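> Sequence plus experimental coordinates follow:
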Amino acid sequence: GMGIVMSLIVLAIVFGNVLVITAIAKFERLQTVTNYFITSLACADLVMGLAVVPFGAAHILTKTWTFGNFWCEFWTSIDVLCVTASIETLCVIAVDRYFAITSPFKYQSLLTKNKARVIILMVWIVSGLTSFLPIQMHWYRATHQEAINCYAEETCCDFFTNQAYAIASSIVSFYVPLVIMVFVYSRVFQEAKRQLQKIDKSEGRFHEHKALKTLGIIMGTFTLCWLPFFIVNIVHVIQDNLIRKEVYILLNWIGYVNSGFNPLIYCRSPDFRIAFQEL
Amino acid sequence: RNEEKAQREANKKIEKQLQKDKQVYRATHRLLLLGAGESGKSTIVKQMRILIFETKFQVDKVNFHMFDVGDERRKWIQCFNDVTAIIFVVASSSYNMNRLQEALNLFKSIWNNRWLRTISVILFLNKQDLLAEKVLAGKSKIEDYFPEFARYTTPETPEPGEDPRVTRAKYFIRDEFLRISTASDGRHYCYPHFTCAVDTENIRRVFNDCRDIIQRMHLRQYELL
Amino acid sequence: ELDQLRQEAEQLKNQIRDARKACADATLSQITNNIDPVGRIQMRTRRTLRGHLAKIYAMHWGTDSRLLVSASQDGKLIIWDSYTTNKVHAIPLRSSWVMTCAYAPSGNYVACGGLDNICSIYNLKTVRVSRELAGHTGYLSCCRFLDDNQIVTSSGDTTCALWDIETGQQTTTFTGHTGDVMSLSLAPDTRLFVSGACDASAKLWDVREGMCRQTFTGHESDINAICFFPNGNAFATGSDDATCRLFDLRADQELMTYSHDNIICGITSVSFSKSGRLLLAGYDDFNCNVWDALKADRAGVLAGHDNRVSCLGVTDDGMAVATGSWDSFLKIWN
Amino acid sequence: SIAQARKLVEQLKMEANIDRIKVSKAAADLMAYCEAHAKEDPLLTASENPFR
Ligand SMILES: Nc1nc2c(ncn2[C@@H]2O[C@H](COP(=O)(O)OP(=O)(O)OP(=O)(O)O)[C@@H](O)[C@H]2O)c(=O)[nH]1
Ligand SMILES: CN[C@@H]1CCc2c(ccc(O)c2O)[C@H]1O
């Protein structure tokens, strides 16, 4: 039943990402300063899809972890790293678009092929600092009886966390890269609306939903995918016996679905269409 | 064996020089000045000289470079498919000496060129005062030379002190170019202007438009316009 | 009296057509019908040259089949080394627009000209400007080194002239074309040369005499490139109608046409092989094609460029062929 | 331009008077040359490739 759906999801996640990665390498024209962020995101999403989704699906199917505690701790760390790194890349892309649109005469100077690698390395290090250091070490460990009881057992390892980590990780991962997106897209929309008015006055005697459609798609997919999870994350830690575990798992898995939509949104250029047809 | 080492060192020096020159090549913007005869491009350039014949000028720490066009058919125009913009200069007051019809034909030919599909055009309508002098208390009329002027009405930003007649003539002349610009894409547009040769504000007119052209290209790149 | 004189010329123009048609004994296709085809030809790139900042307009292979030169709108001439894919020189240009380049037979001088009406000559082994040639009233299109002391060039003012490097003054001026002159080629003995004008006509000139000899008008559109047969009695031209025609000096008339129904793009470069059996031609379809000289049968496609091809050349020893494209990339095929 | 016409008239007469042969001989000569020099075309037909 659900195994077919999991297999289809895994195939969809893997195929689009590998196709996008292969295309950028195959064609010199496709490669660009702004395409380094896209391929970094594709690599992170491919790692996530090939690491966390299959093991999580197997665990939820068989309902019993058959590996060691260290392996599942590493699995949790990898999941946190990939989830954290899959959003700050989008934020960086939004900032790059803002700089390209609102600063036309200084875009070449501000962004250089050497600076893109530095930014990518910095964001990856930041993502990995909050996903391996606090989890390989036991700073995130809880205190109640159920948590330690499951920790002692070698057959179960569920996500039990304390307030400090549950707040810090959420703030670093989701809430911070959201206001930047909102402000950037508001400024871009204002600039686009201003440019359209000038054309109408000059050519009005002879003769704006596209921006709304594009911005709505871009913001709505991410917000709908990742909004409820990062709210219930804080909610069930502030107060217990309020959010069921099944609801938490379902929301987290819904958040995973956003993997298969990034290629369909950020790779819609005609050049990408020409590249994909050749391969 | 030392020949390979010497060649590698020379190659490294050459690549270092090329990397140094890449930034200065990318920073500058290139413009093409193209105007009909007797239009008055010499007055516009040298007066703006304060700052093929080449000129380099800087506006707000931005490097601009402009090339003039030192006959009946142009085959050298293929090399100018990567310029930022094209400046067109025409004499507005020469409607009876026809030269204006030839200018319209030249503009139509330039607009529909194969290699200039994505190149915008900045229009400078020169000799504004001579046109006003001709139209005021002038025996010559646009009606005889241009029959379409009979059925033209004023379009509802006039400067103070100018009779309705000068406004009608100027806007009719501008519309004759805007019609050709508009019907044939949204990939490139036209920017009409009214400029006396002595005008000291013309230099800022280019910088403001180049910025608009770049911004519109970037907006259309990301599918937002 | 002009009208009557023009009518007499028309009668003379007719007198020729009849003489040309009288000698058409048999078409070249009929003569060569049983010749075995050369078969499918596959070519793969061997080297890729990077370092040019803008589109490439011209190139010229060296006489040693090792070095080559290229020109770009960045205002820089780079002398390459095919064997070790490393650069040797980088010569900045006073003018940022260039349309041609050349390499001396002795390997000591390199010349280039462009939109400015100046031909500049550089001394490789001394890199600074050695001489500047002025006098043309139109943009240059091509220039070939006739020797180490004199250069022949063609400009856009419907004239061709022969210069002297030592003096700097024109020696002989060739006139007769109506449209712009776009390309030219030299015979192996450096005694005669041909040029292709924009008025759909190619003429044969005499360097020593300075007077035109023959005229061919088979084409109906602009002529962009021309090559010359290794034997020394034939040449081929490329026009904007996707057609290549092989003329003949002695018969005075066309011998074959190369065209296909699936191409409507122009031709920018034409070159022969060492044996003359293959006719390599460039197109605006972002690739290249290989024809057959004696059968007019396509036998290969040379693709791999993302933009139009504007340069083409074959080494003297016939070991490789190089193409130049507007994508600022050079490639070596073999 | 009466002179331009005069220059054109003289050139044609010089072009008109020349010695010409049948196209069959030229075609045979070209075919013979191509056949004779067909054994020394590396592009057409592997002792070494300098590029190797
Ligand atoms: N009143 C008035 N006179 C002008 C204007 N523009 C040019 N003139 C005059 O007309 C002359 C002709 O223009 P020039 O600057 O000499 O240039 P040109 O003769 O058009 O030559 P090109 O620039 O090569 O086309 C100028 O020298 C001025 O004396 C203008 O806008 N108003
Ligand atoms: C095992 N699933 C984890 C659990 C908690 C968590 C996730 C993602 C980002 C965070 O900041 C988190 O705190 C989820 O992917």
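Okay, I see it. Numbers count the residues shown, from 1 in each chain, chains lettered A, B, ... in the order given. Ligands and ions are numbered 1, 2, ... in the order given.
> Could you give the residue of the stretch 51-200 of chain A that lies closest to ligand 2?
Nearest to ligand 2, among the residues of the stretch 51-200 of chain A, is residue A:169, at 3.1 Å (CB to the nearest ligand atom). The way it works is simple: take the backbone N, C-alpha and C, and place the C-beta from them, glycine included.
> for chain B, same thing?
Closest point on chain B to ligand 2, by CB to the nearest ligand atom, is residue B:222, at 29.0 Å.
> touching chain A at all, the longest helix belonging to chain B?
Scanning chain B for the helix with the most residues, using DSSP state H, yields helix B:2-27. Yes: interface with chain A: helix B:2-27 contributes B:26, B:27 (CB under 8 Å from any CB of the partner chain).
> Which neighbouring elements make contact with that helix?
Applying 3 or more CB pairs under 8 Å, 6 or more residues apart in numbering or on different chains; DSSP states H and E, we find helix B:2-27 packed against helix A:107-110, strand C:89-92.
> ok so, going back, residues near the residue nearest to the residue of the stretch 51-200 of chain A closest to ligand 2 when sequence neighbours are not counted, how many?
Nearest-residue entry for residue A:169: residue A:130, 6.3 Å, with adjacent residues in sequence omitted and distances by CB to CB, 6 or more residues apart in numbering or on different chains. Counted with other CB atoms under 10 Å in any protein chain shown, residues neighbouring residue A:130 total 17.
> what about the helices in the stretch 101-250 of chain A?
A:107-110, A:113-136, A:145-152, A:163-170, A:176-203, A:209-226, A:229-238, A:245-256 (DSSP state H, counting those that start in this stretch).
> Now render these as a markdown table, adding distance to residue C:263.
Shown next, in a markdown table, are the helices of the stretch 101-250 of chain A (distance: least, CB to CB, whole Å):
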| stretch | distance to residue C:263 |
| --- | --- |
| helix A:107-110 | 38 |
| helix A:113-136 | 38 |
| helix A:145-152 | 72 |
| helix A:163-170 | 61 |
| helix A:176-203 | 39 |
| helix A:209-226 | 37 |
| helix A:229-238 | 57 |
| helix A:245-256 | 51 |
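> and of the ones you listed, who's closest to residue C:296?
helix A:113-136 (47.8 Å; CB to CB).
> which strands and helices sit next to that closest one?
helix A:35-62, helix A:69-102, helix A:163-170.
> What is the subsequent helix or strand relative to the one helix or strand residue C:226 maps to?
Element membership of residue C:226, judged by DSSP states H and E, is strand C:223-228. Once the chain leaves strand C:223-228, the next helix or strand it forms, by DSSP H and E, is strand C:234-239.
> Identify all contacting residues around that following strand.
Residues outside strand C:234-239 that contact it (CB atoms under 8 Å, 6 or more residues apart in numbering or on different chains) are C:185, C:194, C:196, C:200, C:202, C:219-229, C:244-249, C:255, C:266-270, C:272, C:279, C:281-282, D:26, D:30.
> List only those of these flagged as buried.
C:185, C:194, C:196, C:200, C:202, C:219, C:222-229, C:244-249, C:255, C:266-270, C:272, C:279, C:281-282, D:26, D:30 (16 or more other CB atoms under 10 Å in any protein chain shown).
> Looking at those residues, which are in strands?
Mapping the buried ones among the contacts of strand C:234-239 onto strands (DSSP state E) picks out C:185, C:194, C:196, C:202, C:223-228, C:244-248, C:267-270, C:272, C:279, C:281-282.
> re the thing from before, so which of the helices of the stretch 101-250 of chain A is nearest ligand 1?
So among those, helix A:176-203 is nearest, using CB to the nearest ligand atom, at 22.9 Å.
> hang on, the earlier thing: list the buried residues in the longest helix of chain B.
So, applying 16+ other CB under 10 Å, buried residues of helix B:2-27: B:11, B:14, B:18, B:21.
> ok, and the closest non-adjacent residue to residue C:171?
That would be residue C:162: by CB to CB, 6+ apart, it lies 4.9 Å from residue C:171.
> Bridged to the one you found, which residues?
Listed beta-bridge partners, residue C:162: residue C:152, residue C:172 (assigned using DSSP bridges).
> what about the residue of the stretch 1-150 of chain A found nearest chain C, neighbour count?
Residue nearest to chain C within the stretch 1-150 of chain A (CB to the nearest CB): residue A:29, separated by 5.6 Å. Counted by other CB under 10 Å, the residues lying close to residue A:29 total 11.
> Now it: phi and psi?
phi -60, psi -40 (degrees, to the nearest 10).
> Relative to residue B:151, how far out is it?
51 Å (CB to CB, to the nearest Å).
> cool, residue C:168 as well?
For residue C:168 relative to residue B:151 (CB to CB), the value is 63 Å.
> cool, and residue B:99?
Residue B:99 sits 24 Å away from residue B:151, going by CB to CB.
> More neighbours: those two, which one.
residue B:99 (16 against 6).
> pretty sure the more buried one is touching residue B:92, no?
No: Residue B:99 lies out of contact with residue B:92 (CB atoms under 8 Å); the separation is 10.7 Å.
> What residues does the stretch 151-279 of chain A have near ligand 2?
By CB under 6 Å from any ligand atom, the residues of the stretch 151-279 of chain A that approach ligand 2 are A:159, A:169, A:170, A:173, A:233, A:252.
> Tell me who's in contact with the residue of chain D found nearest chain B.
Residue of chain D nearest chain B, by CB to the nearest CB: residue D:50 (16.1 Å). For residue D:50, the contacting residues are C:82, C:83, C:319, by CB under 8 Å, 6+ apart.
> what's the helix or strand for the last one?
When elements are assigned from DSSP H and E, residue C:319 belongs to no helix and no strand.
> which residues does the residue nearest to it when sequence neighbours are not counted contact?
Excluding its sequence neighbours, the residue lying closest to residue C:319 (CB to CB, 6+ apart) is residue D:42, at 5.6 Å. Contacts for residue D:42 (CB under 8 Å, 6+ apart) come out as C:274, C:317, C:318, C:319, C:334.
> any chance of the contacts of residue D:50 in TSV, plus distance to residue A:155?
Converted to TSV, the contacts of residue D:50 look like this (distance: CB to CB, whole Å):
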residue	distance to residue A:155
C:82	67
C:83	66
C:319	71
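> which of those lies closest to residue C:211?
Out of those, the member with the shortest distance to residue C:211 (by CB to CB) is residue C:319, at 38.7 Å.
> wait, that closest one sits on residue C:334?
Yes: the criterion here is CB under 8 Å, and residue C:319 meets it with residue C:334 at 6.9 Å.
> pretty sure residue C:174 is touching residue C:158, no?
No: if you go by CB under 8 Å, residue C:174 and residue C:158 don't touch, sitting 9.9 Å apart.
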